[PDB]
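*Asks:* Just passing along the structure, written as structure tokens.
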Amino acid sequence: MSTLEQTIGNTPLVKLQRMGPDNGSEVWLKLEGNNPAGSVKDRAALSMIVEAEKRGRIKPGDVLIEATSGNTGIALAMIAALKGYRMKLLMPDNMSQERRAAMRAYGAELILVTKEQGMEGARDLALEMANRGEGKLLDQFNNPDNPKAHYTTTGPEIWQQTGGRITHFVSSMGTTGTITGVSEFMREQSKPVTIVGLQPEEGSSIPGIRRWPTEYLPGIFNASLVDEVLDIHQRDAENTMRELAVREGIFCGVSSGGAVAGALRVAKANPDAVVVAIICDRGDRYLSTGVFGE
Amino acid sequence: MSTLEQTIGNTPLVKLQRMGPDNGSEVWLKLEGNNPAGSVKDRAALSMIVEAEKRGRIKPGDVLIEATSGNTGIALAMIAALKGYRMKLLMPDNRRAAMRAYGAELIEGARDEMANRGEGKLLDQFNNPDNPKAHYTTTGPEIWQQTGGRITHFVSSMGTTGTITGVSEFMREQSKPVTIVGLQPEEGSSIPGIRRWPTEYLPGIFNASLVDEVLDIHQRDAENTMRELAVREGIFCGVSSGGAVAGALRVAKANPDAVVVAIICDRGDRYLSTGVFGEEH
Ligand SMILES: *Cc1c(COP(=O)(O)O)cnc(C)c1O
Ligand SMILES: *Cc1c(COP(=O)(O)O)cnc(C)c1O
């Protein structure tokens, strides 16, 4: 039997037991939590490191550098352990300690920056380090190796678990590799599939995703892939997520109970509606932050 | 169409790539963290409840009881919502908000409100035979399959003890010898999910005929190994699971060309705030 890395992907697709409207419009869950490192990110991290062991770029024994909100942090830490890389991650210091700790536990080098510096500052600091000789920068935000994972794996999966049937795909936007990569695959399907994407409102802190300031716009984005972009409230992200285990037994991050929000908006909108919503990790690395009770 | 229930079970079997004796043996771990609740107790929980319908005893609206505080509280709670059951759970110590998230409730002289007939039918995981049934029905066939029937030693960290019993249950009926070893703390070792009764037990579901040896693990080796599984193998798990692989390693050490499999009951994510993934010496 099988290797941890071949335990990444082929994730379950589960329809909403009870929640939301019912007007013929069905909603199915992409369960990325199940990934060995517990998030959607593992697909991209694998892709990224093995695609670049392939173009001869990186090689075991090497140090790798990434700036993270955590998940990709925890992701590349894992795979590295599996293949004998050393990792440093760059993260801001307002993210949770469960995020801190899982990255450390996998034996990666963790560097925290100010929250006032936040994600864009950790990117800036990432670039410098590498261009000073402190390691190789894989750059999930501009690496087309990240959306390739979804476009290769995620996308073809969603289609065959809905057969040839999905009408909508709702995705929470961070890196944007998921939406973009899943969008590539679907464009080619000789039927129409509407890819919807979600961003925090004005002042809406939700971990996993961002509306990226202008000069930090992910190179991998591609507006022609994204039909609509929806705006998601931080409280309606925590409200639906909590609604989701209580009412569905699906135990998820806020990013996920958010994407179900939009997904429900779509269904609540379109009847006849097969709407696959991305759930990114689980509820556990959010537990100690008071979001799931206190 | 699929559901969470069918996402319970058929977990990944994972071979150690660089920890163990270099003498012939192959240690393979069974990734029970994968369960939709992220622990082994999803299998029993669903069974326990599901089989309490094959024999009609509970209604999707019925009040279920169990005084647990951890993973069982999580899976049980987990499955009730799946099926529309009203679960109520009781107490640990004096940390685990992962229960009420699933919609549960806060709270004899074992120790350890109120009682069965009082308010709802308690599940009695420590006696309920549908505990090892799960392993007998699933966790046994799976490992048997995945290993090409090549498994020589089963290893398990022992709480409600159902896991080893059922898998031994299934194991015994196979046409080859399959030794079965349960893991227990040394009596002052504090390891979550496994305790050294009698502290007056054995659990009801236990079967000395089904075990083949019992090694004692200290707290220091469990925490240490779980430490090593993370950095050295990319395996991030809780402290009993750390104990499992250390037991498998002593077995492997004794039994050269062996094929050993140990259950990883859960991923280490609920453990991080304990700080148990900081090293010590
Ligand atoms: C990064 C991340 C996302 C975003 O997916 P991207 O492909 O980066 O757009 C969503 N949720 C979580 C928890 C994430 O970590
Ligand atoms: C369930 C559990 C055990 C024990 O397994 P049992 O089948 O109950 O003997 C050990 N450790 C942890 C973390 C568990 O959850």
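*Asks:* Give me the Debye-computed log₁₀ of I(q)/I(0) at q = 0.12, 0.15 Å⁻¹ for the range A:35-140, equal point scatterers on Cα only, no solvent, two decimals.
*Replies:* -0.34, -0.54
*Asks:* Continuing with the same structure: Quick one: check the C-alpha center-to-center distance for the range A:1-47 versus the range B:33-105, whole angstrom.
*Replies:* Result: 22 Å between the Cα centres.
*Asks:* What shape does the range B:216-257 have by the C-alpha gyration tensor, where a ≥ b ≥ c are the square roots of the eigenvalues, rounded means a/c under 1.5, and otherwise prolate means a/b greater than b/c and oblate the rest?
*Replies:* Taking the square roots of the gyration eigenvalues as a ≥ b ≥ c, the range B:216-257 is oblate.
*Asks:* Short version: ³J(HN,Hα) in whole Hz for each residue of the range B:14-22, in order, from phi by Karplus 6.51 cos²θ - 1.76 cosθ + 1.60 (θ = phi - 60°), x for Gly and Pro, what are they?
*Replies:* 10, 8, 4, 9, 6, 10, x, x, 9
*Asks:* Classify the range A:81-133 from the C-alpha gyration tensor, please: rounded if a/c falls under 1.5, else prolate or oblate depending on whether a/b exceeds b/c.
*Replies:* Oblate is the answer for the range A:81-133, as a/c is 1.5 or above yet b/c matches or exceeds a/b.
*Asks:* Now for a different question. Mind counting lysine pairs for me in chain B? Cα separation below 24 Å, and the two need to be 8 or more apart along the chain or on different chains.
*Replies:* 29
*Asks:* May I ask you to give the average projected area over all directions of the convex hull of the Cα atoms of the range A:198-294, in nm² rounded to one decimal?
*Replies:* Details: hull surface 29.5 nm².
It is 7.4 nm².
*Asks:* Determine the distance separating the Cα centre of the range B:233-273 from the Cα centre of the range A:140-217; give it in Å without decimals.
*Replies:* Going from one Cα centre to the other spans 36 Å.
*Asks:* Here's something else I'd like to know. Multiplying the sequence separation of B:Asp257 and B:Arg150 by 0.36 nm and subtracting their Cα-Cα distance, what value in nm do you get?
*Replies:* On the way: separation 107, 0.36 × 107 = 38.52 nm, distance 1.11 nm.
Answer, rounded to one decimal: 37.4 nm.
*Asks:* Using only the alpha carbons of the protein assembly as shown, determine the length spanned along each of the three principal axes and report them from longest to shortest in whole angstroms.
*Replies:* Extents along the principal axes: 67, 55, 46 Å.
*Asks:* Grab the eigenvalues of the alpha-carbon gyration tensor for the range A:1-87, scale each by 5, take roots, and send me the semi-axes largest first in whole angstrom. Numbers along the way, then the final one.
*Replies:* Working: eigenvalues 215, 34, 23 Å².
Output for the range A:1-87: semi-axes of 33, 13, 11 Å.
*Asks:* If contacts are Cα pairs under 8 angstrom and at least 6 residues apart, what is the relative contact order of the range A:153-203 in percent? All intermediate terms of the calculation are to be shown ahead of the outcome.
*Replies:* On the way: 47 pairs, mean separation 21.7, N = 51.
Value for the range A:153-203: 43 percent.
*Asks:* Please work out the FRET efficiency for the pair B:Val214 and B:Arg117, using the Cβ-Cβ distance as r and a Förster radius of 45 Å; give the result to the nearest 0.05.
*Replies:* E between B:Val214 and B:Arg117, to the nearest 0.05, is 0.80.
*Asks:* Suppose a student asked you for the relative contact order of chain A, using Cα pairs under 8 Å spaced at least 6 residues apart; what percent would you report?
*Replies:* Relative contact order for chain A comes out at 23 percent.
*Asks:* Now a separate question. Determine the shape class of the range B:150-261: with a ≥ b ≥ c the square roots of the Cα gyration tensor eigenvalues, call it rounded for a/c under 1.5, and otherwise prolate if a/b is greater than b/c, oblate otherwise.
*Replies:* Oblate, because a/c is 1.5 or more while a/b does not exceed b/c.
*Asks:* In percent, how large is the relative contact order of the range A:35-140, given Cα pairs closer than 8 Å and 6 or more residues apart?
*Replies:* So the answer I get is 30 percent.
*Asks:* Output the antiparallel fraction of DSSP beta bridges having both residues in the protein assembly as shown, as a percent to the nearest 5.
*Replies:* If I count the DSSP bridges inside the protein assembly as shown, around 15 percent turn out antiparallel.
*Asks:* Related question: What are the equivalent ellipsoid semi-axes of chain B, built from the alpha-carbon gyration tensor (square roots of five times its eigenvalues), in whole angstrom, biggest first?
*Replies:* Each semi-axis is the square root of five times an eigenvalue, giving 30, 21, 18 Å.
*Asks:* Then there's this: Most mobile of A:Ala273, A:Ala77, A:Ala263 per a Gaussian network model of chain A (Cα springs, under 10 Å)?
*Replies:* A:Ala273
*Asks:* For peptide A:243-249, how many partner chain Cβ atoms fall within 10 Å of a residue's Cβ, on average?
*Replies:* Working: counts 1, 2, 9, 7, 3, 4, 14.
Other-chain Cβ atoms within 10 Å of each residue's Cβ, averaged: 6.
*Asks:* Taking the Cα centre of the range B:126-281 as origin, work out the dipole magnitude from +1 charges on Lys and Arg Cβ and -1 charges on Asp and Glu Cβ, in debye rounded to 20.
*Replies:* Charge dipole, the range B:126-281, about its Cα centre: 240 debye, nearest 20.
*Asks:* Using the Karplus equation 6.51 cos²θ - 1.76 cosθ + 1.60 (θ = phi - 60°), what ³J(HN,Hα) coupling, rounded to whole Hz, does each residue of the range B:29-37 give in order, writing x for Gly and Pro?
*Replies:* 10, 9, 7, 6, x, 4, 3, x, 9
Throughout, read-outs are computed from the coordinates displayed, never taken from laboratory work. FYI the Cβ positions are ideal-geometry reconstructions off the backbone, even for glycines, and counts take in every protein chain you see.
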